[PDB]
Amino acid sequence: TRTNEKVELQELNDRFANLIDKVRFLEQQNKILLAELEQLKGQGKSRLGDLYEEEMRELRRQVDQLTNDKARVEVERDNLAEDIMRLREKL
Amino acid sequence: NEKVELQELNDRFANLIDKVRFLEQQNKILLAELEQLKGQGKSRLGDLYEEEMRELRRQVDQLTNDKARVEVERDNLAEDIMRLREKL
C-alpha cells in the first residue's frame, strides 16, 4: 500500500535535509581551509622573497666594499704618482 | 503598467538567453587573456631580477680585477720611487 510510501518519503526527506546541513558545513570548513592556505602561501612566498632579496643585497654590499677598497688603494697609488713625478724633476 | 502576452514573454526571455550566452563567451575570452597576462608578468619579474643579478656579478668581477691592477701599479710605483731615491 501507499502507507509504505508515506513512511519512506518522510525518512528520505529528513535524510536530504540532513545532508543539506552537512554540505553547508563542508562549505564553512572549505572557506576556512582556503584562509589557512592563503596564510601558508603568503609566509612561504614572504620567505622565498627574503632569500632572493638577500642574494641581491649581498652582491650590492660587496660591490660597495670593493668600490671603497679600490678607492683606498687608488688614493695610495695616486699619492705615489705625484712622488715619482716630483723625484723625476730632481734628476 | 503594460501587460505582456505569454508567447511574447517567451520571445524576450529567449533573446535574453541569447545575450547571456554571449556574455558567457566574452567573459571566457577575457579570463584566458588575463591568465596569459598574469603569466607574462610573472615571467617579466623573473627576468628583471635575473638581469639585476647578472649586471651585479659583472660589476663584482670588474671591480675585483680593477682593484688587483691598481694594487699592482701601487706596488710598481713603490719600487720605482725607492730605487729612484737610490740614484739621487
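Lettering follows sequence order; numbering is per chain, from 1.
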Within 6.0 angstrom of A:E82 CD, more than 12 heavy atoms from elsewhere: yes
Gap between atom NZ of B:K67 and atom NZ of A:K70 - 0.5 Å precision: 11.0 Å
Structural part of B:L88 lying under 4.5 Å from a heavy atom of chain A: side chain
hydrophobic_cluster_shared for A:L51 and A:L59, side chain cutoff 4.5 Å: yes
More than 12 heavy atoms of other groups within 6.0 Å of B:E50 CD: yes
CG-CG distance between A:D83 and B:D80, expressed to the nearest 0.5 angstrom: 12.0 Å
Distance, nearest 0.5 Å, that separates CE of A:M85 from CG of B:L77: 9.5 Å
Within one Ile-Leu-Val-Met-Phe-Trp-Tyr cluster: B:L63 and A:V73, side-chain cutoff 4.5 Å: no
More than 12 heavy atoms of other groups within 6.0 Å of B:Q25 CD: yes
Chain A contact via B:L84 - side chain, backbone, both or neither, heavy atoms under 4.5 Å: side chain
Nearest-0.5 Å distance that lies between atom CD1 in B:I81 and atom CG in A:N79: 9.5 Å
Reference residue B:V60; test side-chain contact (heavy atoms from CB on, under 4.5 Å); the match among A:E58, A:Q65, A:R60, A:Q62: A:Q62
Closest contact, heavy atoms only, A:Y52 versus B:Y49: O-OH, 3.0 Å
From CD (B:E73) to CZ (A:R77), nearest 0.5 Å: 5.0 Å
Atom group of B:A68 that falls short of 4.5 Å from chain A, counting heavy atoms: neither
Cluster link B:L45 to B:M53, ILVMFWY, side chain under 4.5 Å: no
